[PDB]
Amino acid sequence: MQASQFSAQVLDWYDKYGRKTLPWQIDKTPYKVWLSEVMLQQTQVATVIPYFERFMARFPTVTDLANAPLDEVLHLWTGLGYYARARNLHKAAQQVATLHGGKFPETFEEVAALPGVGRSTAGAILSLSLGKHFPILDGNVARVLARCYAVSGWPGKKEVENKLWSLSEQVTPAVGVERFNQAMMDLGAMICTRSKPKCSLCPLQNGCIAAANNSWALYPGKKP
């Protein structure tokens, strides 16, 4: 599928069916997007919403979070699991307060330098909260791309990972980047699922190679 057709079909789908009312999509800021991305990394959206609201009420700004005792952060995290996320969350808040005056930095290198924030999370923060032109690649997004373009191989191999990042850059547009990047997460979370994807509801079904061959189980590849 031509990349300009890929992006247009995904944005047209998002306009009518996409999620736009999650709390971290209303009056968006780099802090709110960062906080939601870290909570969502290993936890389902329904579990996250009450925690996100409790964290924003107690810590309205990243400086408030930075100045709080770590034990209070860990207490409020209880039930989200994967507490390395919370330790790094607090360290990153302290880095923003100390190096950046309490305001989130707006360059890719400074955001990726934060503890707990990798290449995809940095692009997510900058594209979704400020409209900067970066693509994303988490497991949801990688599964949509690998099925549509038939990318076999284990993404734990560098050459496969690099092919998937290049494909993501290619289909991600500049105009509407915030809509496209949320739409791709929506698609991998609710439609292009690990088992038995819902191809009839997918706006890529007219050009997807896995759908044409009923071969979604091959993409992405598994660990050997």
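When you see a residue number, it is the position in the sequence shown, counting from 1.
Visitor: Is the mean CA B factor in the deposited entry higher across 188 to 196 or across 51 to 59?
Guide: Taking the mean C-alpha B-factor of 188 to 196 and of 51 to 59, the larger value falls to 188 to 196.
Visitor: Look up the CA B-factors in the entry and say which stretch, 72 to 80 or 99 to 107, has the higher mean.
Guide: Higher mean C-alpha B-factor in the PDB entry: 99 to 107.
Visitor: Which listed residue, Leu89, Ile136, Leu126, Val151, has the largest C-alpha temperature factor in the record?
Guide: By C-alpha B-factor in the record, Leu126 ranks first.
Visitor: Would you mind finding, among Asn67, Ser36, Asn181, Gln170, the residue with the largest C-alpha temperature factor in the entry?
Guide: Largest recorded C-alpha B-factor: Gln170.
Visitor: Divide the modelled residues of the chain into thirds by Cα B-factor and specify which third, lowest, middle or highest, holds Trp24.
Guide: Highest third - that is where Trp24 ends up once the chain's C-alpha B-factors are sorted.
Visitor: Is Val177 in the lowest, middle or highest third of its chain when residues are ranked by C-alpha B-factor?
Guide: According to the entry, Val177 has a C-alpha B-factor in the chain's lowest third.
Visitor: Taking the entry's C-alpha B-factors for this chain, is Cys208 in the lowest, middle or highest third?
Guide: Answer is middle: the recorded C-alpha B-factor places it there.
Visitor: Where does the C-alpha B-factor of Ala112 rank in its chain, lowest, middle or highest third?
Guide: Answer is highest: the recorded C-alpha B-factor places it there.
Visitor: Comparing against every modelled residue in the chain, figure out the third that the C-alpha B-factor of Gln5 lands in (lowest, middle or highest).
Guide: For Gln5, whose C-alpha B-factor we compare with every modelled residue in the chain, the answer is the lowest third.
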